Every structure is written in structure tokens, then in C-alpha cells.
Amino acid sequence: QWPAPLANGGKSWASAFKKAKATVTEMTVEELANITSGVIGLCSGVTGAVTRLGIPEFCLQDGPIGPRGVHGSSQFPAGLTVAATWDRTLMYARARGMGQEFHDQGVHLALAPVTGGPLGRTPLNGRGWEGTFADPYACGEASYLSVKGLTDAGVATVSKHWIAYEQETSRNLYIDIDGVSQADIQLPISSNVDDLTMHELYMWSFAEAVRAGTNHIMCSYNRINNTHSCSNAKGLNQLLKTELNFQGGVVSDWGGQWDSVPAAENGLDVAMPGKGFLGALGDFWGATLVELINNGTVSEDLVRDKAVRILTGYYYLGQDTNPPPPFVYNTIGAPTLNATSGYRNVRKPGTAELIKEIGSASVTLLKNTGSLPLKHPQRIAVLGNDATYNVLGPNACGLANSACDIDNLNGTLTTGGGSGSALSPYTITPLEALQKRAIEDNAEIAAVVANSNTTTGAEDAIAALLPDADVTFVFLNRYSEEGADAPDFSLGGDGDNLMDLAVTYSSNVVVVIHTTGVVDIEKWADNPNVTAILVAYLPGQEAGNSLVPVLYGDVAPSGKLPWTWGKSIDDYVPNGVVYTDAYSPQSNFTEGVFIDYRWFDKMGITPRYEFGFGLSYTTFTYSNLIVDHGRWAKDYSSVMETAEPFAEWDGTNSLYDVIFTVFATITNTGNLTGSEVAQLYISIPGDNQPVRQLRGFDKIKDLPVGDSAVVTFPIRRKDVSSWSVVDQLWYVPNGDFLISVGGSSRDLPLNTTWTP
């Protein structure tokens, strides 16, 4: 029994809380029920107004790359893409730019960011791309900064999806169309997760989200230990609202709520989407919640807390005294909502170049045999539909980027499909950026952008073009979307065919991959004719113009992989996606904390490219490890505080105090200016413990040839602790702590031991 704990406003929201409570205390039962459930409107979800007290409808709006379904905005790169920069500044600026467009379109609550659900159990996850690293620490850091960027713009965050939401297949959102109900077919997948794993792996990034001041959290579609996340008392009432001390609200995923009373008692604050979407995704608390309070079944006290948690965000971001503008676009779509759209342009100068910079900083060089950077080649060939436009238009796939035909030539993969996608004012195609440069060089350039397998002449055109080209670019992609997991690592479209042809007719093939996750290139990776391989992830609207400068040496590539690139899907955590028709599907997380590189490291498995890998046009030599135990500091800068119990607690100190700081020195040992992502790993001693765990990163920007720079890694008490299942608290174990530093999770030239 995990009772609903009362909100008190915590640290930064004290005055907002007090206002929220004053306002909530005035409300009738109808009004409590109005604000805690969704109504029909232009946004993804809309809270009911409390019209007597001048509380307007709040506009809740997808999604984690910025406002979805909206014109007059910019298409930012996806979370995956910022992760790959390993650049905290970029992580924040991105979220801050997303925030002004959210705010300036009229959004009260952004359904963003993705802060560790899905985190990365399976590399086939259809929506893994919406997140950031397959790693609790790095996801933590990027989640914190993404939240800060959105809240600093005046927009309230719904960080998602809590929790253990690690596969799309059989997620089974509630839907009751006709009598054809989901409860009659299959329950959602049940993530069965042990207590140590839940704390050390899945909760980690959500602790960071909380600490950054996420105003809300979204409970996920999956069950946990066979109880829906949105009505799991242990999950919401104890882990989130007691141990993490979460003062904000729990919003249901759309169809995440499966009942009225348990949801009300077990931690849910907001029923979405309520009356939207024809009430087809369940509507368990409108009029129904009024009757439940009035007849004695759910206490008014309990619903008052829900309403206070909703209204805290509103007052803390000054949305009362500085209201967002009206929201003007029908993002639901006819015939579900028949309403006209207005028009607003929210693209500010500076945004296009920030989107660019994220691209240039993210693009990750995996193989370079000598063909890059390019100098001034005269004859360029380009292969792949990914090099050009969607032939039906950049937004032809619709409001959620998922409605084009299975075989359509969608063009450059600038984002993925689903609630996490967004419209584009244009797309700067790789081919167009490459042409621009080729003109500057008085060169020629030609591209085969048809489906090579089904267009008459395409193979003959490729055979004729490639042999006289000084360089051949092949552009490959792999679309995935929310709602399904990728069946395998296979390339999308005619990727396999394009690669076969290109190696047959050219011995200087440069391969660029725009993708939602890892793909299968085993057939080509080791061919000498493939001279370079880059992965550019999901770069948003500035696809071409962020990549070409890297290709041409204007700026050296500095991105590194945010997950592990294994040679086979068999090399990962088993049963990453469970396929069953069983009424009550089960997914046992028997691996525990061992996901991504932790699996590979513990199991002695060699990846093709490891977590934290990415090449430069230069080399960096790591020297002079320092662990400085006198460089400690009190945690003063968290927006909100958790109540995570820890052994070393003395009433005055924090789990997030920095206990020591570690330094290293990098030197540019090669022939060109370059940026380097230094990483730090710690092997924390214990039973059945990861070979090593990321606990720092620091990116040196534009280090000249011969120059050196210090890299600095503040280490927090938490960074060195384990969860005691027996004592239910964090503690620093006894033993030798190996501290490693270098350029990847497997290129760790500096090691030392720390023993407390």
C-alpha cells in the first residue's frame, strides 16, 4: 500500500503551489473534474477550462522535436541526433529553440522531452530515435538539459514515458471503437522489472528530469509487473511521487488510462485525451469522476491534489500573467476534428543555423580509409533517393509523418514517424548542398534518385555513371515509426541493391546513412571500395547543408555513437521485442541493468562500432589522469529535489553533491584542427556489476594541431553508488573503483584506481 502523497510545491515552485492550492480550494466538483480530463480542441490534448475562476483551457501538444502538426515552424533534429553531438550546449539550445516555437504557437504543455522511456533495451525500438543515449547517465544529462531549455522558454514539460516502456509491439493503448475494444483483444506488454534494475537503470534519467523541474510526467502504455503504468501505485505514488519527490502531474499517454478508480487512487493526475478523438481512447473520469466524488468512492482531497499539480506549472511559468498566444492549427485532422486552421510564422533568425550546427556536430564518421575530407573532385556521382526530396512533398506523409505509401520515395530521412515528428518549411537535400559545392569547384555532378530495383533504366544508368566518377556518394535510410518495432536491421527501400551496384562500379564509395537506429551494413563495411561511412541520424530541415561542410573538410566530424552498433541483432539483450497473441503479454527484464554496451562488455561481445565511437580527421592523444578529492561541491543548482534515501545522509548533504572531480589532458597529435569528445567510465565494484559505466563527458571544440586542453569530469555521490535492495537506499560500496578515460567506451588509454 503506497498512499498518494500530497503536493507541497518543493523548492522552486513554492509560490506557484500556494497559488495553485488557493485556486483549487475554490473549485466545485464539476470544475475539479473539468480540469483533470481532456476536452475537444485544436491541440493534441486540451484540459477543461475553469471558466468561473478565469483558468483557461491548456493546450498540450506534441512533440519532442518541437510543435507537431503546425506550419510556420522549423523541423529540428531528433533527440538521437543531439545525443550524438555529446554537446551540452547544443542539447540546451535545441530545447530552448523548440521552446520558443512551442510557446509562440500557443502551447502550454509540450509533450516532450523523452527522458528514458524508451531508453534503449532493444535497438529495434520503432521510437528509440525520440530519446537520446542508450545509457542512463548520458540520457540523464540530455534529459535535464532538454527540460531546462523548454521550461526556460515558458513552456511546461511532460517528460515521457514513465516507465520501462521498451517496445512498441503490443503496447496496446486503450481504444473502444464500436464494441471492438482493446481489453477484449490483448493487455499491454508487461515489463517485469526488478527493484535494482528499476532504480539504477530506468529511474536514473527520470530523476534528472525531476531535478531539472519537469512540470509533468507522462505515464506509459505498458504495464509493469502486470499493472498498467498509469494506475501502478508503487510506480506513481511511491517511486515517482515519494522517492523522487515529484511535485508535478502525471498525464496519461493517449489511451494509457484503463480504469476510473485505480487511476484516481494510484497516481494519475490527468486523463488524456478525454473527449478528444471521439472519446475512443477511453474517457474514464469526466462526468464519471464527478459521480465518484459525490457518491463517496474517491475523495475530493485526492482530486484536489491532481488539480493543484496541474495548476502549479501554470503559475510557476507565469502563464496567468503572460499568457501564450492563441493556438491556431487543427493538428488532430478531419474527419476526427473538422476545424479550419489559421496561420502564424514563428521561425526566428538564428534557428536554421542552430539546426545546421547540430547536424554538423552530430554527423559521425565510422570508416575513413583516406577519401575524406574531399578536396575538389571534378566528377561526382550520387546514389539514393535519400539524397533528394520526397516526391510528394516534405509533409506529404501527413500530421504524424506516417501516412505515405509503403514504397513511396520519401526522400531524405530528416525525422522519424509518429507523435514525435513535425512538419518542415523545406528540406535542404544532400544533393542540393553537394551540387552547390560542385558548382563552386567547376565540377559536374549527377544523381540517380529513383528506386533502383523497380525503375526501368536505373541499373543501366548507375553502371554508366559510376566508373568515371572521382567519388560516389551513396545515401541510405531506414524509417521507423511509433506503433511498431523494426523487424530487423535491414536497410529501407533499395538500400541493399544500391550498395551492391555501387561497389561493383566504383572503388571510391562514400556512404551516408540517415536512420532512426542501427542498420545492417555487414555485406559492405569491409569492402575496400567503401572508403568512408558516416551516420547522420535525423538531422531535420538542414540535412544537406550540415553534412557537406563535414564532407569537404570545412569542419572535421566530431559526432560519436549514442548506442552500440553490433554486427548482428543476435548480439544484443535477448527477447528485446516479444511477439505474442497471449492475452496478457510478458516481457521479463532478466538481463537487469545490462543493456546496450553493458551487455556487450559483460558478455565479451565485440561490436563493429562501440558506444561512444566516432572518428575525426585527426588524432587525439590522452595524457595525465588526475583525480582531485579536494574538488567537491554542494548541490545548489538543481531546480527541484528528490527524496532518494542514501546511507551517507547527515541531514545537510545530497545524493547529487560532487564528491571529487577528475581531469585529463588531450593533445591534437594529427594534422588538422578537430573537436574531441572525451569520455569517462567508472567500474563500480559489486556482485554482477557492469564492466564499466559512463559517468562523464566533455567536448573540446576546435583544438588546433599541436595544442592541448584539459578535460574535466565532476563526479557526484550518486555516480559512485548502488541501490541496496535490502536497505532500500543508495550507498557507496566498498572495493576498488576503476576510473577510465578516453575517446570511446573501448578506447580507454587512462586508468586509475580509487578506494574509499
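Numbers for residues come from their place in the sequence shown, where the first is 1.
- The PDB entry records a higher mean C-alpha B factor for 700-708 than for its counterpart among 700-708 and 63-71.
- Mean C-alpha B-factor is higher over 338-346 than over the other stretch, the pair under comparison being 122-130 and 338-346.
- When the Cα B-factors of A633, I358, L268, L476 are read from the PDB record, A633 comes out highest.
- Residue set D253, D259, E208, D178: peak C-alpha B-factor at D178 (per PDB entry).
- In the deposited entry, the Cα temperature factor of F76 places it in the lowest third of its chain's modelled residues.
- Sort the chain's modelled residues by C-alpha temperature factor and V448 lands in the lowest third, per the entry.
- For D727, the recorded CA temperature factor ranks within the highest third of the chain's modelled residues.
- In the deposited entry, the Cα temperature factor of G495 sits in the middle third of values across the chain's modelled residues.
- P425: CA B factor lies in the lowest third for its chain, per the PDB record.
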